[PDB]
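Results of the structural survey
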Amino acid sequence: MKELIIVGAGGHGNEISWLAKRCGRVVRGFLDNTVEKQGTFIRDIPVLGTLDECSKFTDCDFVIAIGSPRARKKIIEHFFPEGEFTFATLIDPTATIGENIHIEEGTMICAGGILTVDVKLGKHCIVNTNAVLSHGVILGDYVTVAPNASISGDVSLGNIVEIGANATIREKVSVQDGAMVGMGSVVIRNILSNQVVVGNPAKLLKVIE
Amino acid sequence: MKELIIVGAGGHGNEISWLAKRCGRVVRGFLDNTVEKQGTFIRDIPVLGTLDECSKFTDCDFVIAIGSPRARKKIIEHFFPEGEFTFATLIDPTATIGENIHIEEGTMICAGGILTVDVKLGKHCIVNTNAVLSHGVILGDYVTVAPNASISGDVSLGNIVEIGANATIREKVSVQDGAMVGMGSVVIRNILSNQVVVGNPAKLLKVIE
Amino acid sequence: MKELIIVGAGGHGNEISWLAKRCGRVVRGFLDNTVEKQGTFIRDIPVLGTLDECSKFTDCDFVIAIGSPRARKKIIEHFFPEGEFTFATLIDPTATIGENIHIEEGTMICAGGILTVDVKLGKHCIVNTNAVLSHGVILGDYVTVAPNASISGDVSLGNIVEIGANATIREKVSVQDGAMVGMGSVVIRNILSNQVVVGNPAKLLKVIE
Ligand SMILES: Cc1cn([C@H]2C[C@H](O)[C@@H](COP(=O)(O)OP(=O)(O)O[C@H]3O[C@H](C)[C@@H](N)[C@H](O)[C@H]3O)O2)c(=O)[nH]c1=O
Ligand SMILES: Cc1cn([C@H]2C[C@H](O)[C@@H](COP(=O)(O)OP(=O)(O)O[C@H]3O[C@H](C)[C@@H](N)[C@H](O)[C@H]3O)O2)c(=O)[nH]c1=O
Ligand SMILES: Cc1cn([C@H]2C[C@H](O)[C@@H](COP(=O)(O)OP(=O)(O)O[C@H]3O[C@H](C)[C@@H](N)[C@H](O)[C@H]3O)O2)c(=O)[nH]c1=O
Ligand code: NA
Ligand code: NA
């Protein structure tokens, strides 16, 4: 396999370097814009430079190990023009990937995650630790599912959606592009574009855009 | 082992055909009453006919792969007279079954489920994806536990109880026959027969019968 | 390895004797102060006597298999003077222990638990069934994390903290010594010493001391 460059040397890049190692990948290093992180390491893996150095590593696969959906879209659209770069798909050895699971490139499926049957993910998705996607779930591009999220059958998550940790989504709910479900929310109604919903039962807090 | 007939070719029958395959079972097909599903398939497994065709497959094990507790009881009582048919017990290879676990026939224990010690399940139970039943939990017949439910020590769930996804039940709580706990509920008090409770903390919504 | 003495022959001692067996340990027996439990067994393992008999088993490792943080501290401080006894560290074979995980003695990591990277636990901690501790989480001494708890990145749990089942803690939250988070709580703010918080969103209920 190609060596891997991890974009983002924060909390998620920390866990994704761990994921990559468990997947048998060689991680060349991180790219990160943080001044203070230049010349630093996570567990023997160096921060190589800033994101505009990505063109020096076209031989590598990339992954954008940043939780914020909009951050991953912003980075892909600025630094990663269509067809110039390749992206890894990282699936933890302890994740369960069932039948007729379709996952597009750049996606991270973390330890203990379960995708049962007929689940479709777009590009640069995250399914974090111990989250569950039941039958017929569809994710767009740049979706973040946090640890322990409970995504019931036939839920649709649009592009740049974020589902917070240990939230629960009723079967057949649709969540439109750019929405955010707060950690622990219990969602029993469809969510409209860019809405932030929180609580039990989930209620509209604000729009994020 | 006997070949398997799955009653119900919906979302749960989809996941239970997956479970059966992972358990090394040969699935003969589904029975389903849906007109539009006659002559259809899930992943090479045909819908063979309607439920009244069950008498043509007495050579097979059956499982009732329908989430609603009352649906499974209704189907067993109409179509499956005592002692005429055999039922499979399906335990995902990634489920954890500990010590002194007693599971009666027709039960489905799904991927990532954990039953620790001294857990007793009656007939035709479901313990769905990544749910946990702690020490001394007792389930009656036709109990449905949804994905990620958190059933603490010494909880008692009566017959035809349903616990919604990622709900949490305090230790030593009793839930009487036919009750329903909504998804995400946090249950800290005993629940009476046929009560529907929802929320954090769970409150009585209505009676289901 | 040394044989093991389990202090506490209740629900948690039941599950920890199971854990010990799965870890390939020989359990000599339980110590328990309950009159009615003298001469009793859990799955072939006897209650040997009361806690003041611990000095007859200095050849053994001990574990304090009692959920209440304050109970474990009380027992260690009364019966287990510094340097007289050794404590087991029990990690279920199905727990995931990642990289740069530091766990001090007496700790129990239960089935399906996940500790990702840079997690630090003090002495006599519990991480129960299917709980998740994300990057940079720090636990003090005598912390109890209940089943399915969702402890996000960089959370700090002080000494004698208890996090209830399937609760969710926002990243970078600090919980000071002796606090309690109720089952199912959704914690988005720092918690002060000995505070009990419950609900979604978590609110102060009372002080425990
Ligand atoms: C948006 C953006 C970010 N970065 C860098 C800055 C930081 O070093 C890094 C982001 O690190 P961070 O720790 O602030 O955030 P993340 O690594 O995304 O972590 C977040 O999501 C995870 C899923 C959670 N587990 C964490 O608790 C949460 O803080 O990415 C860039 O280099 N360029 C960018 O354009
Ligand atoms: C009650 C009843 C049902 N059926 C058939 C009709 C349908 O094709 C099938 C039921 O399919 P369905 O998708 O409507 O429902 P289920 O397959 O039970 O799925 C439900 O529970 C699961 C645990 C959840 N994961 C799903 O999100 C939820 O929709 O069973 C029969 O053939 N006869 C019956 O008597
Ligand atoms: C405080 C104290 C207790 N004990 C004994 C008495 C009991 O037999 C035993 C405690 O048993 P118990 O069942 O009351 O409690 P625990 O074994 O701690 O169980 C509790 O925490 C677990 C994590 C949960 N899964 C259970 O649902 C919850 O009840 O310890 C002693 O022998 N000495 C002590 O000083
Ligand atoms: Na799990
Ligand atoms: Na949960």
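Regarding how it was determined, this PDB entry cites X-ray crystallography in its header, along with a resolution of 1.4500 Å.

1. What about the coordination of the sodium ion (ligand 5)?
Donor atoms from the polypeptide that coordinate the sodium ion (ligand 5) comprise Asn166 of chain A (OD1), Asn166 of chain B (OD1) and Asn166 of chain C (OD1), at 2.1 Å from the metal. Of this pair, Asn166 of chain A sits in the loop between β19 (162–163) and β20 (168–169) while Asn166 of chain C sits in the loop between β19 (162–163) and β20 (168–169), which puts the two residues in different chains. The pair formed by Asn166 of chain A and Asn166 of chain C is uniform in burial state, with each residue classed as buried.

2. Quick word on the environment of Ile75 of chain B
All names here are of chain B. Along the chain, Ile75 falls in helix α2 (residues 69–79). Note on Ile75: relative accessible area 8%, which makes it buried. In sequence terms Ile75 and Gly49 are 26 residues apart; their C-alpha atoms lie 15 Å from each other. When sequence neighbours within four positions are dropped, the list of residues in contact with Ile75 reads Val7, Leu51, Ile64, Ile66 and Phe80.

3. Structural notes on the interface of chain C and chain A
On the side of chain A, 21 residues touch chain C, which itself brings 24 residues to the contact. Summed over both sides, the interface between chain C and chain A buries roughly 1700 Å², with carbon and sulfur atoms accounting for 54% of that surface. When the buried area of chain C at its contact with chain A is split by residue, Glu99, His135 and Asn200 of chain C rank highest and sum to 28% of it. Our count for the contact surface shared by chain C and chain A stands at three salt bridges. One salt bridge connects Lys21 of chain A with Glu99 of chain C, and the closest N-O pair in it is separated by 2.9 Å.

4. What to know about the relation of the copies chain C and chain A
Overlaying chain C on chain A yields an RMSD of 0.0 Å, the required transformation being a rotation through 120 degrees with an accompanying axial translation of 0.0 Å. Here the symmetry operator amounts to a three-fold rotation axis. Taking C-alpha positions as reference, the residue of chain C nearest the rotation axis is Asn200 of chain C, located at 3.8 Å. Taken as a fraction of all interface residues of chain C, those also at the interface in chain A reach only 17%, which identifies the copy contact as different-surface.

Calculation rules
- Residues numbered from 1 in each chain as written, not as in the entry; some residues may be left out.
- Chains lettered and ligands numbered in written order.
- Heavy atoms only, no water.
- Donors = N, O, S within 2.8 Å, 3.2 Å for Na, K, Ca; no water.
- Helix = DSSP H or I, 4+ residues; strand = E, 2+ residues; numbered from the N terminus.
- Buried < 20%, exposed > 50% of the residue type's maximum accessible area, 1.4 Å probe, protein only.
- Contact = heavy atoms within 4.5 Å.
- Buried area = accessible area lost by both parts, 1.4 Å probe.
- Salt bridge = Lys/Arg side-chain N within 4 Å of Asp/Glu carboxyl O.
- Least-squares fit on C-alpha atoms.

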